[PDB]
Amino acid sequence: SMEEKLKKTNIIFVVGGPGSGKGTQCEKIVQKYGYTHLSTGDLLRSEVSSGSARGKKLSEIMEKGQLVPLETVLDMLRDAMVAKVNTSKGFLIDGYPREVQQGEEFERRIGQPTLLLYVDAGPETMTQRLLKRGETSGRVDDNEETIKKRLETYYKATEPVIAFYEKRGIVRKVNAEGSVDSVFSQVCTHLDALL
């Protein structure tokens, strides 16, 4: 089973706000440590690209800055894991869990996290990076009004996730401000402590 195989492979939740640099940092973790980077947003956007009726409904939700329903995103993530479970040296789950129920369901049905890497940026920094990214086409959810809704959703639903895992004792926090290299230096100090 999935649950059985995953007991021998580390799972790291990587959680931060929109434009926190979480994805950027996950790609550097892959380069250095050779974990599997799975992004729920990337999975959802591929389904938009497919032009399915579901992709249509997903673009509407993402373009409003809201959370896709839990079962839809958890099933896609699960499939992505099954596809790599026999070769993976470890999983970086980027952008899930984004609400407390998402963590509960994942742990009940898939597996338990070793670590939550909290990429902690301020909202002014987040807004700057997303407005900058929005100067090129490709992410229509970088619309300035959608940036605001994404930040609101993050503080309402996603910050409570950090506090939950903090109590459990698995949170390692990095200051997400500064250069990519300076943020990654912190990430490495924490990962090198365990890995």
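Quick note: we count residues from 1 along the sequence shown, nothing fancier.
With 135-143 and 60-68 compared on mean CA B-factor from the PDB entry, the stretch scoring higher is 135-143.
Taking only the listed residues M81, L74, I93, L116, the entry reports the highest CA temperature factor at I93. Ranked within its chain, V85 lands in the highest third, by CA B factor from the PDB record.
Placement of the Cα temperature factor of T40 within the chain: middle third of the modelled residues, per the deposited record.
When the CA B factors of the chain's modelled residues are split into thirds, the value for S49 lands in the highest one.
When the modelled residues of the chain are ordered by their C-alpha B factor, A121 lands in the middle third. Per the deposited record, the Cα B-factor of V161 falls in the middle third when ranked against the other modelled residues of its chain.
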